[PDB]
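Structure first, then comments.
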Amino acid sequence: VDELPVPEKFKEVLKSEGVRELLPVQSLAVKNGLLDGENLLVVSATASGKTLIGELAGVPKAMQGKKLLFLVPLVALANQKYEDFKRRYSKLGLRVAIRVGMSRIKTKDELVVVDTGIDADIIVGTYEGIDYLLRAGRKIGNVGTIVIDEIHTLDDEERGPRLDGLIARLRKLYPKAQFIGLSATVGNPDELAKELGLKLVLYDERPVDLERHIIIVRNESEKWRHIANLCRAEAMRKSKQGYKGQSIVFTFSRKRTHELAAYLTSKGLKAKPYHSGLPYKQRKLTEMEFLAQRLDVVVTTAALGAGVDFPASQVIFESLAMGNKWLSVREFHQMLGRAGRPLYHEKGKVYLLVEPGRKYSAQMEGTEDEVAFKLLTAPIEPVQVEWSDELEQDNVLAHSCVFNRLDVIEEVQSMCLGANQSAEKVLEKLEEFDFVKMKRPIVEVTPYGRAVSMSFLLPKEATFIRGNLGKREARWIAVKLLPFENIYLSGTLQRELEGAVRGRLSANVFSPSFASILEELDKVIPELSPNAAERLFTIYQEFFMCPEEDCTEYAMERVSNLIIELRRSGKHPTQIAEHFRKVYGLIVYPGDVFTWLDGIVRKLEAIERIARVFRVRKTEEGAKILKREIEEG
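Below is the structure:
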C-alpha cells in the first residue's frame, strides 16, 4: 500500500477498513499503468473482488474534485455499491450520490431513490437511468474517471446495444477521463480489448480452485433424495471451530425453488428459496438469515446477479436449464463463482445431478448429459453484439439528443462496434418521421425526437402512440405497449394437466401446451378433480371466453387490467398476488407485479410526454391522473 502514488488520507481511510496488499488482479492492473491515468480493461471471474478496481482510478481525481462515475446494469447492485462507497468515503469530504431511472411506486417494501444531485463529487448509477439523462441532453461536468462494472452484459442482446451507443457517446464526452472496464471472465479478451483501445488485464485463475463432483440419478425423485442427503451431509462438516455446512441449489424455475425448498424443509433441513419475484422484505431477510449460519439450504436460479453477497460451502445443480434453455458456459461458470470463494474454510464442492437422456422440454438441443459435458469442459463464449435495425436507430437518435452536429454523430457512430450502417442513413430515416431534422451538416433534435429517445421507446411503439392519440385511453395504450407475462399455474393444476394430456406441459399459461388444452374443453375437461376442473373453467371464463379463435392477447390484457383495477382500489402487490392465488390458483409474483406497475407508470410518463408535445390534453390529464392513481393507489 505505502508504495502506491495516491493521497495518504485516502490510504488511512482504506487501512481503517482492513486492507493490506493488492489482490493479484489488482496488483496486475496497477502494474499495467493504472495510477498514471491509463485506460484499462480487467477481465477476471467474479468473486475476485473486481468491483474495487474502479475506485482505484477515480478517487484521487475526485479528491481534487474530478468527479468519478460508476455504472452498473442492475439496481440492487447499484444500491449495494452506492451504500458501500458513501459509507466508506464520505469520511473524507466526498459527496456521494446515486442516479437511477428513479422508482415511482410507493409501497412499504421497496426503495426510495435518495440523493440524486449532480454537484456531488462521487456519482453511482444504472445504465438506463443514466442514458435517460443523456438522452435529455444533461451534462455532468467535472467527471475525471469512468468505470463500468459487470460490463459483459453487452453479449445479452437487449441491454448490450444501448450500452454500446452510450459508451461511444461517453467516449465523445469525457475523453481525458481514465476509462476502466470491469468484467467477469469472457471468451475473446485479446481481440475485443483491441476493439476498445484498452490495455488488457486477463485473470483466468479461480481465486478459489474448486473441487468438483458429480452424481447420476435415473429419475427426478432419486435426484431429490440425493439432494436432501447431500445437503444434510454438507450440513455435517466443521472447521477447527464448531461449525456446520451450508448449501445452494440452482434449479431451473422459481416454482421449482419453492417446491424443493418446502420439500427439504419437510426433511428437517433449514431450507428456503430465493429469487427476484419475492417481496423485498423476506428476500433480504433471508439473505441475512443464510449469512449468519442460520439457514442450511438456499434454492435459487441463476437469477443471482451481482450485489447478492452470498456465502455457501457447497453448490448443487438440480438442472442445467433456465426456462427451456440450457445454461450458457459463462452463466454456469458464474453460478460456480458462488461456490468456492463463499466457503471461508474449505475448498468448495460442487455436485450436479443428471438424469440420462433427460430433456425437461422437447425443443432443447441435446440431453442433460450432453449439455453437462458442454458446460464443464468448454471455455467461455465470445461476447456477441449485433445491433438490430431499431437498436441502431435508437442509439443514433440518442446521439442526436446528446450531440447536435453531423460530424460528431458520424464520429460516434463509427466508434460503435455493433455499427453496421452509418449515421446519415438513420438520420435521413428519422428526418422522415420528423424526430430529427437535417440541415446539413447539422442535425436538429426536434422535441418529438427528444421525448421519444428520452423514453427509450422503439420506433414502432412511438408511431403507434402517435397514431392512437386521443382515439384510445391512456390505460389501453400503455397496456398494449407493456402487458403482464409472469403468471403461472398452481402445482395441482400443472401436474393434473401434465398427466391429463399425455404430453409435456409448459408451466406458464401463455404456452401452446395450454391452448391445446383450451381448444379441447369437451375432451380434456372431463378428466379432472372437482376443484381442479372448477378453477380451470373459471379461468377459461375470465380470460379465454374470447370472440376470437386465438385468445392470447385477450388473456394478457385482461390480466393487466385486473392488476390495474386492484392497484387503484388501494391494494398492495402482496394482496394482489394473494387474491390471485385465492380465487383462481394462479402464481403471480409481487416483485414482478411492482416492477410491472413501475414500468407502466414509466410508459404513462412517456405517453404524457408525447401528448404534452402535441397539445394532446385528454391523454395528458388522463395519464397524469392515472399515474398518480397507481403511484399512491
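First residue of the sequence shown: 196, per the entry's author numbering; consecutive thereafter. All C-beta atoms in this analysis are idealised placements derived from N, C-alpha and C, irrespective of residue type, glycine included.
Proximity of residue i and residue j at Cβ, strictly below 7 Å
| i | j | result |
| --- | --- | --- |
| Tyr555 | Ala516 | yes |
| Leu329 | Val597 | yes |
| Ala750 | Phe738 | yes |
| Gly662 | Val811 | no |
| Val403 | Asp344 | no |
| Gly232 | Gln373 | yes |
| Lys632 | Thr641 | yes |
| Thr246 | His767 | no |
| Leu700 | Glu693 | yes |
| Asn234 | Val396 | no |
| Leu349 | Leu361 | no |
| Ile317 | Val291 | yes |
| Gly613 | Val580 | yes |
| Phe789 | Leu781 | no |
| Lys465 | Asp491 | yes |
| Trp582 | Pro356 | yes |
| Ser609 | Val638 | no |
| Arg533 | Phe505 | yes |
| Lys822 | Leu677 | no |
| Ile660 | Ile759 | no |
| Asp304 | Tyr469 | no |
| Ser508 | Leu538 | yes |
| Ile375 | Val342 | yes |
Residue environment, residue i, which counts as buried when at least 16 other CB atoms sit within 10 Å
| i | result |
| --- | --- |
| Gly440 | buried |
| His540 | exposed |
| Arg762 | buried |
| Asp717 | exposed |
| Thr446 | buried |
| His347 | buried |
| residue 838 | Since the first residue shown for the chain is 196 and the last is 828, residue 838 is missing from the structure and cannot be characterised. |
| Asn726 | exposed |
| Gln529 | buried |
| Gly249 | buried |
| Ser708 | buried |
| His408 | exposed |
| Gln736 | exposed |
| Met649 | buried |
| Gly260 | exposed |
| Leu229 | buried |
beta-carbon residue i near the ligand FMN non-hydrogen atom, thresh 6 Å
| i | result |
| --- | --- |
| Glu693 | With respect to the ligand FMN, the structure shown offers nothing to examine, as it has no ligands at all. |
Extent of the continuous beta strand (DSSP E) run through residue i
| i | result |
| --- | --- |
| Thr340 | 338–343 |
| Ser378 | 373–378 |
| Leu684 | 682–684 |
| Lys632 | 631–634 |
First and last residue of the uninterrupted alpha helix (DSSP H) at residue i
| i | result |
| --- | --- |
| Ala240 | First-last for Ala240: undefined, no H or E at that position. |
| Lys624 | 618–628 |
| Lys766 | Here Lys766 belongs to no alpha helix (DSSP H), and DSSP marks it neither H nor E. |
| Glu639 | Segment 637–640 is the beta strand (DSSP E) holding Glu639; no alpha helix (DSSP H) there. |
| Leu781 | No alpha helix (DSSP H) holds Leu781; the beta strand (DSSP E) holding it covers 781–783. |
| residue 138 | What is shown of the chain runs 196 to 828, which leaves residue 138 out entirely. |
| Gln221 | 219–226 |
| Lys813 | 812–826 |
| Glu729 | 725–734 |
| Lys367 | 354–368 |
| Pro707 | 707–713 |
| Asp350 | Segment: none, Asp350 is in no alpha helix (DSSP H) and carries neither H nor E. |
Reference residue i; option with closest CA among the options
| i | options | result |
| --- | --- | --- |
| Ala772 | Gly249, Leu473, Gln588, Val510 | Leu473 |
| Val270 | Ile293, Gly288, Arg697 | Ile293 |
| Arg364 | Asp326, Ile346, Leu377 | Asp326 |
| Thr495 | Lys303, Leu235, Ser471, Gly213 | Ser471 |
| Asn337 | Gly376, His347, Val307, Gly253 | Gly253 |
| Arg553 | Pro200, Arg451, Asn414 | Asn414 |
| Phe630 | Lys520, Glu722, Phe809, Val578 | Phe809 |
| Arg478 | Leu548, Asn599, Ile805, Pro785 | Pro785 |
| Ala695 | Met297, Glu565, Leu723, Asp745 | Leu723 |
| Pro551 | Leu586, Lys418, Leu625 | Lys418 |
| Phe628 | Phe651, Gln588, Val603 | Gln588 |
| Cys611 | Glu278, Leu209, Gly392 | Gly392 |
| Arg333 | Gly320, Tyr322, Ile313, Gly339 | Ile313 |
| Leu368 | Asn599, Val754, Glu484 | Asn599 |
Segments assigned alpha helix (DSSP H), at least 4 residues, entirely inside the region 572–600: 584–597
Alpha helix (DSSP H) runs contained entirely in the region 251–330, provided each spans 4 or more residues: 271–284, 323–329
3-residue-minimum beta strand (DSSP E) runs that sit fully inside the region 386–434, ordered along the chain: 394–398, 406–411
Length-filtered (3 minimum) beta strand (DSSP E) runs lying within the region 444–506: 466–468, 492–495
Ordered list of alpha helix (DSSP H) runs contained in the region 510–560, each at least 4 residues: 524–531
Ordered list of alpha helix (DSSP H) runs contained in the region 642–678, each at least 4 residues: 642–649, 654–662, 669–676
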